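Engineer: Data file target_8.tsv (TSV, C-alpha atoms) is appended below.
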```
chain	number	residue	atom	x	y	z
A	6	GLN	CA	13.11	-116.86	-326.29
A	7	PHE	CA	10.33	-116.18	-323.79
A	8	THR	CA	8.69	-118.54	-321.24
A	9	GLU	CA	5.15	-119.73	-321.74
A	10	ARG	CA	3.91	-117.06	-319.38
A	11	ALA	CA	5.84	-114.29	-321.05
A	12	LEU	CA	4.91	-115.63	-324.53
A	13	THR	CA	1.27	-115.58	-323.64
A	14	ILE	CA	1.48	-111.99	-322.54
A	15	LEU	CA	3.68	-110.83	-325.43
A	16	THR	CA	1.33	-112.59	-327.85
A	17	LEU	CA	-1.45	-110.62	-326.23
A	18	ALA	CA	0.45	-107.36	-326.70
A	19	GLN	CA	0.89	-108.11	-330.37
A	20	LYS	CA	-2.81	-108.91	-330.56
A	21	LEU	CA	-3.66	-105.65	-328.84
A	22	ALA	CA	-1.55	-103.63	-331.27
A	23	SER	CA	-3.44	-105.13	-334.17
A	24	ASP	CA	-6.82	-104.84	-332.41
A	25	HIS	CA	-6.16	-101.23	-331.79
A	26	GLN	CA	-5.03	-100.43	-335.33
A	27	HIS	CA	-1.64	-99.17	-334.13
A	28	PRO	CA	1.42	-98.83	-336.51
A	29	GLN	CA	3.85	-100.09	-333.93
A	30	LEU	CA	4.13	-102.37	-330.98
A	31	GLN	CA	5.38	-100.21	-328.18
A	32	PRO	CA	5.67	-100.23	-324.31
A	33	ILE	CA	2.11	-98.89	-324.12
A	34	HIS	CA	0.86	-102.20	-325.62
A	35	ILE	CA	3.33	-104.32	-323.84
A	36	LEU	CA	2.29	-102.78	-320.55
A	37	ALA	CA	-1.36	-103.20	-321.59
A	38	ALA	CA	-0.73	-106.89	-322.09
A	39	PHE	CA	0.94	-106.93	-318.69
A	40	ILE	CA	-2.33	-105.56	-317.22
A	41	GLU	CA	-4.00	-108.74	-318.40
A	42	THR	CA	-7.10	-109.49	-316.34
A	43	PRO	CA	-8.59	-109.10	-312.84
A	44	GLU	CA	-7.37	-112.59	-311.82
A	45	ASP	CA	-5.03	-112.23	-308.80
A	46	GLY	CA	-2.69	-114.73	-310.51
A	47	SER	CA	-1.80	-111.89	-312.85
A	48	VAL	CA	1.65	-111.33	-311.46
A	49	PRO	CA	2.03	-108.40	-313.89
A	50	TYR	CA	-1.06	-106.61	-312.49
A	51	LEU	CA	-2.57	-107.68	-309.15
A	52	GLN	CA	-0.21	-109.75	-307.02
A	53	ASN	CA	2.57	-107.88	-308.77
A	54	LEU	CA	5.90	-106.31	-308.10
A	55	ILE	CA	4.27	-102.85	-307.94
A	56	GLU	CA	1.25	-103.20	-305.61
A	57	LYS	CA	3.30	-105.17	-303.12
A	58	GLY	CA	5.88	-102.45	-303.86
A	59	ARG	CA	3.36	-99.84	-302.45
A	60	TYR	CA	2.31	-98.43	-305.86
A	61	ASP	CA	-1.22	-98.40	-307.31
A	62	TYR	CA	-1.82	-101.02	-310.04
A	63	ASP	CA	-5.08	-99.30	-311.06
A	64	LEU	CA	-3.17	-96.12	-311.73
A	65	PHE	CA	-0.80	-97.75	-314.13
A	66	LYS	CA	-3.66	-99.52	-315.89
A	67	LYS	CA	-5.62	-96.33	-316.37
A	68	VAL	CA	-2.65	-94.43	-317.70
A	69	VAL	CA	-1.90	-97.17	-320.20
A	70	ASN	CA	-5.53	-97.14	-321.29
A	71	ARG	CA	-5.39	-93.35	-321.76
A	72	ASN	CA	-2.33	-93.91	-323.92
A	73	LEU	CA	-4.01	-96.68	-325.96
A	74	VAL	CA	-6.96	-94.45	-326.73
A	75	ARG	CA	-4.75	-91.52	-327.83
A	76	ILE	CA	-2.26	-93.43	-330.09
A	77	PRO	CA	-2.86	-92.62	-333.87
A	78	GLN	CA	-4.88	-95.09	-335.92
A	79	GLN	CA	-4.22	-97.11	-339.11
A	80	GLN	CA	-6.74	-98.99	-341.24
A	81	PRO	CA	-5.66	-102.33	-339.58
A	82	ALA	CA	-3.32	-103.68	-342.31
A	83	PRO	CA	-0.49	-101.14	-341.37
A	84	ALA	CA	-0.73	-102.16	-337.72
A	85	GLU	CA	2.49	-103.49	-336.11
B	6	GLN	CA	-37.68	-116.11	-337.10
B	7	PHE	CA	-35.79	-114.65	-334.16
B	8	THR	CA	-34.38	-116.03	-330.94
B	9	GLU	CA	-35.65	-114.52	-327.70
B	10	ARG	CA	-32.24	-112.93	-327.30
B	11	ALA	CA	-32.34	-111.29	-330.71
B	12	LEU	CA	-35.83	-110.02	-330.02
B	13	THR	CA	-34.64	-108.63	-326.71
B	14	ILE	CA	-31.82	-106.65	-328.29
B	15	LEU	CA	-33.98	-105.29	-331.06
B	16	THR	CA	-36.84	-104.53	-328.63
B	17	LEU	CA	-34.44	-102.69	-326.38
B	18	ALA	CA	-33.26	-100.59	-329.30
B	19	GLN	CA	-36.84	-99.55	-329.86
B	20	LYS	CA	-37.71	-98.96	-326.25
B	21	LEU	CA	-34.50	-97.15	-325.47
B	22	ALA	CA	-35.41	-94.73	-328.25
B	23	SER	CA	-38.74	-94.25	-326.51
B	24	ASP	CA	-37.07	-93.75	-323.11
B	25	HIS	CA	-34.50	-91.33	-324.52
B	26	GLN	CA	-37.18	-89.43	-326.46
B	27	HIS	CA	-35.61	-90.09	-329.90
B	28	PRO	CA	-37.48	-89.81	-333.31
B	29	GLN	CA	-36.49	-92.26	-336.10
B	30	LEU	CA	-34.56	-95.27	-335.00
B	31	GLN	CA	-30.90	-95.21	-335.99
B	32	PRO	CA	-27.99	-97.72	-335.87
B	33	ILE	CA	-27.23	-95.68	-332.71
B	34	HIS	CA	-30.30	-97.08	-330.98
B	35	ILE	CA	-29.39	-100.62	-331.74
B	36	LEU	CA	-25.92	-99.79	-330.43
B	37	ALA	CA	-27.76	-98.34	-327.37
B	38	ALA	CA	-29.39	-101.76	-326.97
B	39	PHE	CA	-25.98	-103.27	-327.01
B	40	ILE	CA	-24.84	-101.13	-324.10
B	41	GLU	CA	-28.25	-101.22	-322.33
B	42	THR	CA	-26.98	-102.97	-319.23
B	43	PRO	CA	-23.89	-103.09	-316.98
B	44	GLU	CA	-24.22	-106.89	-316.78
B	45	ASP	CA	-20.95	-108.35	-318.05
B	46	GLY	CA	-22.83	-111.42	-319.16
B	47	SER	CA	-24.41	-109.26	-321.81
B	48	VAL	CA	-22.23	-109.97	-324.80
B	49	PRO	CA	-23.31	-106.73	-326.49
B	50	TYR	CA	-21.74	-104.75	-323.53
B	51	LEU	CA	-18.67	-106.25	-321.67
B	52	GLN	CA	-17.93	-109.84	-322.69
B	53	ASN	CA	-18.15	-108.39	-326.13
B	54	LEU	CA	-17.22	-109.01	-329.71
B	55	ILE	CA	-15.49	-105.66	-329.45
B	56	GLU	CA	-13.79	-106.10	-326.01
B	57	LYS	CA	-12.49	-109.63	-326.54
B	58	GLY	CA	-11.93	-108.89	-330.21
B	59	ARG	CA	-10.05	-105.73	-331.18
B	60	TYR	CA	-11.29	-102.63	-329.30
B	61	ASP	CA	-12.01	-101.24	-325.85
B	62	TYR	CA	-15.74	-101.61	-325.10
B	63	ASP	CA	-15.51	-98.06	-323.63
B	64	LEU	CA	-14.60	-96.71	-327.06
B	65	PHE	CA	-17.88	-98.06	-328.34
B	66	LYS	CA	-19.77	-97.17	-325.15
B	67	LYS	CA	-18.81	-93.54	-325.61
B	68	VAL	CA	-19.62	-93.59	-329.33
B	69	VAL	CA	-23.10	-94.53	-328.44
B	70	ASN	CA	-23.61	-92.41	-325.36
B	71	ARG	CA	-22.19	-89.41	-327.19
B	72	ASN	CA	-24.65	-90.06	-329.99
B	73	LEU	CA	-27.58	-90.61	-327.64
B	74	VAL	CA	-26.90	-87.25	-326.01
B	75	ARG	CA	-26.38	-85.65	-329.43
B	76	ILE	CA	-29.80	-86.72	-330.75
B	77	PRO	CA	-32.29	-84.01	-329.54
B	78	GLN	CA	-35.18	-84.68	-327.14
B	79	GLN	CA	-38.51	-85.28	-328.91
B	80	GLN	CA	-42.15	-85.29	-327.95
B	81	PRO	CA	-42.84	-88.82	-326.51
B	82	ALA	CA	-45.41	-89.46	-329.30
B	83	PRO	CA	-42.59	-89.83	-331.99
B	84	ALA	CA	-40.13	-91.32	-329.52
B	85	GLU	CA	-39.52	-94.40	-331.74
B	86	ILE	CA	-41.14	-93.37	-335.03
B	87	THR	CA	-39.99	-96.21	-337.19
B	88	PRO	CA	-37.04	-98.58	-337.88
B	89	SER	CA	-37.20	-97.19	-341.41
B	90	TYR	CA	-34.91	-98.68	-344.02
B	91	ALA	CA	-32.06	-98.38	-341.52
B	92	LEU	CA	-33.15	-101.00	-339.02
B	93	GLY	CA	-35.10	-102.76	-341.73
B	94	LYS	CA	-31.76	-103.36	-343.44
B	95	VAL	CA	-30.04	-104.46	-340.22
B	96	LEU	CA	-32.76	-107.04	-339.51
B	97	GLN	CA	-32.77	-108.16	-343.15
B	98	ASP	CA	-29.01	-108.47	-343.03
B	99	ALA	CA	-29.35	-110.48	-339.83
B	100	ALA	CA	-31.56	-112.81	-341.90
B	101	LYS	CA	-28.91	-112.89	-344.69
B	102	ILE	CA	-26.50	-113.83	-341.96
B	103	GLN	CA	-28.78	-116.67	-340.86
B	104	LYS	CA	-28.64	-117.98	-344.41
B	105	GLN	CA	-24.84	-117.73	-344.47
B	106	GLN	CA	-24.55	-119.22	-341.01
B	107	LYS	CA	-27.24	-121.90	-341.59
B	108	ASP	CA	-28.95	-120.72	-338.38
B	109	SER	CA	-32.67	-121.50	-337.93
B	110	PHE	CA	-33.24	-118.33	-335.84
B	111	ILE	CA	-31.83	-114.83	-335.78
B	112	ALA	CA	-29.20	-114.65	-333.07
B	113	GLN	CA	-28.38	-111.55	-331.08
B	114	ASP	CA	-24.97	-112.04	-332.71
B	115	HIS	CA	-26.50	-111.69	-336.15
B	116	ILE	CA	-27.88	-108.36	-334.98
B	117	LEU	CA	-24.46	-107.45	-333.54
B	118	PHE	CA	-22.89	-108.44	-336.86
B	119	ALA	CA	-25.41	-106.82	-339.18
B	120	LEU	CA	-25.45	-103.65	-337.22
B	121	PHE	CA	-21.67	-103.49	-337.01
B	122	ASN	CA	-21.29	-104.31	-340.73
B	123	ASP	CA	-23.51	-101.37	-341.68
B	124	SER	CA	-22.37	-98.98	-338.92
B	125	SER	CA	-19.51	-96.54	-338.58
B	126	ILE	CA	-18.82	-93.98	-335.91
B	127	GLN	CA	-20.67	-90.87	-337.15
B	128	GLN	CA	-18.19	-88.46	-335.53
B	129	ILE	CA	-14.44	-87.79	-335.30
B	130	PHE	CA	-14.45	-88.21	-331.51
B	131	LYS	CA	-14.11	-92.01	-331.68
B	132	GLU	CA	-12.74	-94.37	-334.28
B	133	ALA	CA	-12.85	-98.08	-334.73
B	134	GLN	CA	-12.74	-100.57	-337.56
B	135	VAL	CA	-15.58	-102.95	-338.08
B	136	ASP	CA	-13.44	-105.90	-337.37
B	137	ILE	CA	-15.70	-108.46	-338.85
B	138	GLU	CA	-13.48	-111.45	-338.28
B	139	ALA	CA	-12.80	-110.57	-334.63
B	140	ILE	CA	-16.47	-110.14	-333.91
B	141	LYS	CA	-17.24	-113.42	-335.63
B	142	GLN	CA	-14.58	-115.26	-333.69
B	143	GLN	CA	-15.91	-114.09	-330.40
B	144	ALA	CA	-19.48	-114.79	-331.37
B	145	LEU	CA	-18.62	-118.32	-332.48
B	146	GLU	CA	-16.88	-119.16	-329.22
B	147	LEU	CA	-19.97	-118.28	-327.11
B	148	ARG	CA	-23.27	-120.16	-326.30
```
Any chance you could put this one into structure tokens?
Structural biologist:
Amino acid sequence: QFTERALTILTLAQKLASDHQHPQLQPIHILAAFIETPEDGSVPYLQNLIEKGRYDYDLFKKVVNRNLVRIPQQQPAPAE
Amino acid sequence: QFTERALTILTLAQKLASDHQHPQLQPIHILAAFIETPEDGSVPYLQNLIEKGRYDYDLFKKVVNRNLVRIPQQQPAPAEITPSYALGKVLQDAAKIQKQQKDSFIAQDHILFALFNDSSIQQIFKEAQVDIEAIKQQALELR
């Protein structure tokens, strides 16, 4: 399976799909989970493989958030 | 009856209606109290029952700001006419919550709960479930 770091983040993605009333877990949510928080220890978001790769981590966050807002809703029980 | 925090949130709902020139107080104004400040420490705004629960605080922020803009500008004299049955009910429900929670004073969380339990986005522009359990979890883990 997944490591404790990856499990934490995947668990978060699953949480986010249910929090957002979305019918499926999809890369939008997985990426959202991989935004995590402002802590620099967030290898997925701040000291990541993208920012040190010369690409804007804020950009990817904002696009994912635009996606999360626009995904169709379900009255929570149908989520995931 | 109320904690100082609960009184602050309710008071802000009332005074924000005065500042925004709004007539009868609505659930919208209590929601306005919730998003009254940028301080993250304000549970009603960023370290929220919404944000750490199920939904993006911005979703809710825009519900409220959209609604505050939507409500037309009134003469200052009626700007906060009355809580009416609407806020009466929220405060009474906050008291019902105290009874359920065995809490000696009304918490700002009881106001968050009671308002959220009664409330629904009034327009198609934003949607969110009143995720009662998520908001309770986050309330219970704080203070």
Engineer: Give me the residues of region 25-65 of chain A that have any atom at most 8 Å from an atom of region 71-79 of chain A; for each, the nearest atom pair and the distance in Å, rounded to one decimal. Use all atoms listed in the file, sort by chain and number, and format it as a tab-separated table.
Structural biologist:
```
residue	atom	partner	partner_atom	distance
A:25	CA	A:78	CA	7.5
A:26	CA	A:79	CA	5.1
A:27	CA	A:78	CA	5.5
A:28	CA	A:79	CA	6.4
A:33	CA	A:72	CA	6.7
A:34	CA	A:73	CA	7.4
```
Engineer: What's the separation between CA of residue 36 (chain A) and CA of residue 49 (chain B), in Å to one decimal place?
Structural biologist: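 So the answer is 26.6 Å.
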Engineer: Nearest to chain A among B:67, B:10, B:94, B:59, with distances taken over only C-alpha atoms: which residue is it?
Structural biologist: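 Among the listed residues, B:59 lies closest to chain A.
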Engineer: In Å to one decimal, how far is CA of residue 11 (chain B) from CA of residue 85 (chain B)?
Structural biologist: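 About the pair CA of residue 85 (chain B) and CA of residue 11 (chain B): they are 18.4 Å apart.
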Engineer: Near chain B, meaning an atom within 8 Å, which residues of chain A appear when counting all atoms listed in the file? Write them as a list in words.
Structural biologist: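 Within 8 Å of chain B on chain A, we get residues 20, 21, 23, 24, 25, 74, 80 and 81 of chain A.
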Engineer: Take the selection from the previous step and output its residues with C-alpha atoms, as a PDB file, keeping the file's coordinate frame.
Structural biologist:
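Listing of part-v5.pdb after writing:
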```
ATOM      1  CA  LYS A  20      -2.810-108.910-330.560  1.00  0.00           C
ATOM      2  CA  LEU A  21      -3.660-105.650-328.840  1.00  0.00           C
ATOM      3  CA  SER A  23      -3.440-105.130-334.170  1.00  0.00           C
ATOM      4  CA  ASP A  24      -6.820-104.840-332.410  1.00  0.00           C
ATOM      5  CA  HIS A  25      -6.160-101.230-331.790  1.00  0.00           C
ATOM      6  CA  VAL A  74      -6.960 -94.450-326.730  1.00  0.00           C
ATOM      7  CA  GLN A  80      -6.740 -98.990-341.240  1.00  0.00           C
ATOM      8  CA  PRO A  81      -5.660-102.330-339.580  1.00  0.00           C
TER       9      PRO A  81
END
```
Engineer: Would you work out the distance separating CA of residue 99 (chain B) from CA of residue 66 (chain B), expressed in Å to one decimal?
Structural biologist: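 So the answer is 22.0 Å.
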Engineer: Please provide the set of residues having any atom within 9 Å of residue 30 (chain B), restricted to only C-alpha atoms, with same-chain residues fewer than 2 positions apart removed, written as an MDAnalysis selection string.
Structural biologist: chainID B and resid 18:19 22 27:28 32:35 84:89 91:92
Engineer: Save the residues we just selected, C-alpha atoms, as a CSV table (one decimal), keeping the file's coordinate frame?
Structural biologist:
```csv
chain,number,residue,atom,x,y,z
B,18,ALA,CA,-33.3,-100.6,-329.3
B,19,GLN,CA,-36.8,-99.6,-329.9
B,22,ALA,CA,-35.4,-94.7,-328.2
B,27,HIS,CA,-35.6,-90.1,-329.9
B,28,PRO,CA,-37.5,-89.8,-333.3
B,32,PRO,CA,-28.0,-97.7,-335.9
B,33,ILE,CA,-27.2,-95.7,-332.7
B,34,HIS,CA,-30.3,-97.1,-331.0
B,35,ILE,CA,-29.4,-100.6,-331.7
B,84,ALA,CA,-40.1,-91.3,-329.5
B,85,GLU,CA,-39.5,-94.4,-331.7
B,86,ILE,CA,-41.1,-93.4,-335.0
B,87,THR,CA,-40.0,-96.2,-337.2
B,88,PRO,CA,-37.0,-98.6,-337.9
B,89,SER,CA,-37.2,-97.2,-341.4
B,91,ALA,CA,-32.1,-98.4,-341.5
B,92,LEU,CA,-33.2,-101.0,-339.0
```
Engineer: With distances taken over all atoms listed in the file, which residue among B:141, B:20, B:148, B:25 lies nearest residue 79 (chain B)?
Structural biologist: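 Going through B:141, B:20, B:148, B:25 one by one, the smallest distance to residue 79 (chain B) is for B:25.
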Engineer: Pick out the closest residue to residue 146 (chain B) from this set: B:114, B:44, B:74, B:15. Count all atoms listed in the file.
Structural biologist: B:114
Engineer: Which polymer residues have any atom within 9 Å of an atom of residue 37 (chain A), counting all atoms listed in the file, with same-chain residues fewer than 2 positions away left out, as a ChimeraX atom specification?
Structural biologist: /A:17-18,21,32-35,39-41,66,69-70,73
